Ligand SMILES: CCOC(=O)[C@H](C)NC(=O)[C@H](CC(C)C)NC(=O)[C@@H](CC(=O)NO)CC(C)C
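Listed next as structure tokens is one chain, alone, in the form deposited without the ligand.
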């Protein structure tokens, strides 16, 4: 047990990179969905996320289909719609999205941002909850706009703290 409890990120700032954009949606709209999710978490936490166009990033995001050299192949549109590894070296922190399902940004079948935000919850060590107003709810539900819940804000803030930032005149 090198780290006490679950391995938490020692740095207060993290970086991320998109390995590739699926032809499911234009990259311009995918960056907005992913960029908006990180901003929401950083908005209520002193944590910061910066996109990198080169070099290895703390969080790697990519899209894969069927079996992709992993011990958890997707079983058709059934099973989980995506998954991620625990925050750690090697494949740890990586997050894959099932490109077999059709991703959308409206009342369609599913919202890509809702699933992306859920993956971040697991990456930050956040667990599911019985609060229907929480995005990490086990059952998928259309809530329209995606916003964090007080239960989730207090949870991530308790681990790190409040986003205090005394600005000078």
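Positions refer to the first chain, counted from 1.
Beyond the structure shown, there is the form deposited with the ligand bound, which is absent from this document and is the topic of what follows.
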(message) Looking at 109-117, 33-41, 59-67, 46-54, which stretch has residues with any non-hydrogen atom within 4.5 Å of the ligand in the entry with it bound?
(response) 109-117
(message) Against the ligand in the entry with it bound, would residue 26 count as a contact residue? Criterion: heavy atoms within 4.5 Å.
(response) no
(message) Whether residue 138 contacts the ligand in the entry with it bound should be assessed with a 4.5 Å heavy atom distance threshold; does it?
(response) yes
(request) Tell me, yes or no, whether residue 88 is in contact with the ligand in the entry with it bound, where a contact means a heavy atom of each within 4.5 Å. (result) no
